[PDB]
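A short worksheet on the structure shown next.
Reminder, nothing fancy here: chain letters follow the sequence lines and each chain counts from 1. In listed order, ligands and their atoms are each counted from 1.
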Amino acid sequence: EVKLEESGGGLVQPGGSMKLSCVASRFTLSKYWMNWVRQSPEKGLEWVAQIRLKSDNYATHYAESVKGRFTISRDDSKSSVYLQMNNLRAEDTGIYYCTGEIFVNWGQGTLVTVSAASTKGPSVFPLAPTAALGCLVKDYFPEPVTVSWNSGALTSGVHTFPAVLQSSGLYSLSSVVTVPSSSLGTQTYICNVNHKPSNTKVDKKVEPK
Amino acid sequence: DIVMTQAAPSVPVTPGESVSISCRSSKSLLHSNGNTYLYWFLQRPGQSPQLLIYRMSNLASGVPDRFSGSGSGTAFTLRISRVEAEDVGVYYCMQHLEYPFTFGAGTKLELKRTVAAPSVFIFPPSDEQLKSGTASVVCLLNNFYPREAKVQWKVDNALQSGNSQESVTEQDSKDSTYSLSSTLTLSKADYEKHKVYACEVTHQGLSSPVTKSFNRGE
Amino acid sequence: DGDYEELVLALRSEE
Ligand SMILES: [Zn+2]
Ligand SMILES: [Zn+2]
Ligand SMILES: [Zn+2]
Ligand SMILES: [Zn+2]
Ligand SMILES: [Zn+2]
């Protein structure tokens with residue numbers, strides 16, 4: 001029933017600034033200390049900052065890697081807490097979660113990507129042929145991309161793979177599905193791709209060559 | 001500067017059997033009470049962490065009673081009596097005795113299952129891609145266990161090295177198997193200088209290494 | 001409900 005919801009992440013230049021928000025529903029925020037926690041493949045889960053209550057004079061505590069650059073704050077009347085991130089470093093890339101005092105309630109997390117690289121939308125290529133079909137989603141930045149099949153009706157034999165970073169700095173991803181050989185050239189197969197950072201939306205039928 | 005050490009990066013478990021996950025702290029987490037300031041979390045794939053245990057041994061509300069936590073000062077153990085598929089994910093410990101709060105690196109729980117050989121497929125570069133200037137050849141290894149698999153790219157039978165990348169799915173919910181994609185990338189110019197493209201797969205389930213190939217023609 | 005608040009208050013011990 002309690003819900004925390006963070007927003008504000010995205011792609012930002014090194015040395016730039018960004019402010020994250022976290023809004024609480026069904027939860028009297030003023031009564032609880034609040035924390036930010038971030039996650040990356042590089043360092044796992046890292047506690048970032050904490051803010052206590054009004055009667056604690058809103059006392060704060062910060063991780064060393066972040067002291068002097070991040071400011072956590074709260075506005076109880078807006079049922080929100082914030083993390084102002086300045087002089088952003090590439091090391092600050094990751095998923096940022098807000099959490100309650102005892103770490104039972106977590107938000108869904110918002111993805112912060114610090115890079116000088118510009119956005120680029122991907123190319124989508126077929127993988128045509130029990131048989132296996134796929135779509136290749138090459139050359140995009142930053143993460144994430146979204147792949148579905150038959151507008152979401154085909155969910156069974158689907159395997160969408162983790163993105164791999166290429167030597168070029170661009171990501172690539174394959175999504176593949178297994179279907180019987182007796183539907184090829186009949187039950188049309190279509191992969192639906194979204195790369196929201198580039199506003200790229202592409203549909204692509206997959207048919208036996 | 002309290003360091004939290006989770007020795008095992010992963011642990012395999014037969015469904016319905018027990019498992020223990022260990023964590024160590026460089027310093028005692030006993031606060032001047034009977035309180036040990038230690039949390040255990042489970043992060044199921046693609047989800048936020050969720051609390052299993054607080055104060056070292058207390059189950060948080062809604063956590064199944066097959067979880068328990070124990071420990072003495074600097075060494076801690078999370079136990080699952082009978083592992084369900086609900087329980088697959090990454091287990092983290094965390095101390096909040098001192099600022100900065102610190103997490104262990106996580107222990108991933110993997111299900112055991114019977115050996116299962118991969119189904120191997122090969123996909124040539126699409127004509128639409130060839131027009132761009134580069135060729136991506138894709139090899140798929142579908143639904144196999146255990147994760148250990150060797151993919152060998154051969155172009156005109158010459159073993160390939162340095163021009164391919166692999167990506168593995170997470171353990172599948174239904175059948176507990178893995179899947180893997182290996183992509184071979186080449187310029188269109190060098191791709192059209194060769195005929196036979198082969199993907200050779202080695203796996204404990206295979207009697208002998210399996211190869212799926214094609215010629216640029218058909 | 002007040003269960004959650006009661007739990008958090010019982011665990012808080014800033015001293
Ligand atoms: Zn206080
Ligand atoms: Zn359950
Ligand atoms: Zn599969
Ligand atoms: Zn060559
Ligand atoms: Zn105390």
Side-chain angles (χ1 to χ4, degrees), chain A residues 1 28-36 47 49-62 71-76 81 99-106, chain B residues 2 13-19 21 25 27-69 71-74 78-91 94-101 108-111 170-174 176, chain C residues 5-15:
Chain A
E1 186 217 25
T28 127
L29 181 83
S30 60
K31 286 186 173 266
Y32 305 97
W33 306 6
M34 302 290 293
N35 297 270
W36 287 91
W47 171 83
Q50 183 189 84
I51 185 154
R52 298 189 188 182
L53 316 184
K54 177 175 186 287
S55 70
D56 309 294
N57 284 294
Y58 301 108
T60 56
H61 282 81
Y62 297 98
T71 296
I72 181 175
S73 59
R74 68 197 289 153
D75 188 330
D76 292 326
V81 309
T99 86
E101 177 167 339
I102 61 170
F103 299 90
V104 167
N105 293 304
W106 295 62
Chain B
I2 304 190
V13 200
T14 300
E17 291 195 336
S18 69
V19 71
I21 292 177
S25 69
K27 180 208 266 233
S28 161
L29 303 183
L30 232 176
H31 166 75
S32 195
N33 209 313
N35 300 326
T36 300
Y37 282 27
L38 179 91
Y39 294 113
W40 281 103
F41 299 94
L42 162 59
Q43 183 174 25
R44 308 190 181 107
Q47 291 205 310
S48 295
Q50 68 181 52
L51 183 72
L52 307 167
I53 300 198
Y54 63 91
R55 295 302 218 257
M56 189 186 74
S57 68
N58 305 93
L59 273 196
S61 82
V63 177
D65 57 27
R66 64 186 177 272
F67 290 88
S68 52
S72 271
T74 54
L78 175 80
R79 295 189 178 84
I80 310 170
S81 70
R82 268 183 41 99
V83 177
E84 295 202 349
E86 199 176 353
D87 305 327
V88 170
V90 182
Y91 292 82
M94 190 225 81
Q95 66 84 14
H96 62 292
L97 192 77
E98 300 181 1
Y99 300 107
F101 301 167
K108 178 179 281 189
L109 195 158
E110 129 166 278
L111 297 179
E170 213 63 57
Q171 204 157 30
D172 184 274
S173 66
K174 306 243 271 187
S176 268
Chain C
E5 170 176 358
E6 182 187 309
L7 176 58
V8 170
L9 285 192
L11 300 175
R12 177 185 297 166
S13 295
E14 76 186 273
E15 304 159 337

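Classification of the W47(A)-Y99(B) ring pair by plane angle, with boundaries at 30° and 60°, yields tilted. The aromatic rings of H31(B) and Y37(B) sit tilted, their planes meeting at an angle between 30° and 60°.
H96(B) and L38(B) make their closest contact through CE1-N, 3.9 Å (heavy atoms, listed as atom of the first residue, atom of the second, distance). Between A49(A) and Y62(A), the shortest heavy-atom contact is CB-CD2, 3.6 Å.
Inside a sphere of radius 2.8 Å centred on the Zn ion (ligand 1), the protein N/O/S atoms present are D56(A) OD1, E14(C) OE1. Protein atoms that are N, O or S and lie under 2.8 Å from the Zn ion (ligand 5) are these: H31(B) NE2, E15(C) OE2.
Within the model, atoms CD1 of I80(B) and CD of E17(B) stand 12.5 Å from one another, a figure rounded to the nearest 0.5 Å.
Counting only heavy atoms from C-beta outward, the side chains of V104(A) and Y54(B) never approach each other to under 4.5 Å. The closest side-chain heavy-atom distance from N33(B) to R55(B) is not below 4.5 Å.
The one candidate from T99(A), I51(A), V81(A) that meets the side chain to side chain contact (heavy atoms under 4.5 Å, CB included) condition with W36(A) is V81(A).
At a cut-off of 2.8 Å, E86(B) coordinates the Zn ion (ligand 2) through an N, O or S atom.
Sparse packing is recorded around CZ of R82(B), with 12 or fewer heavy atoms of other residues, nucleotides or ligands lying under 6.0 Å away.
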- Derivation of the salt bridge (charged side-chain N to carboxylate O under 4.0 Å, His left out) call for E170(B) and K108(B): CA-CA 11 Å; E170(B) 213 63 57; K108(B) 178 179 281 189; 2.7 Å; yes
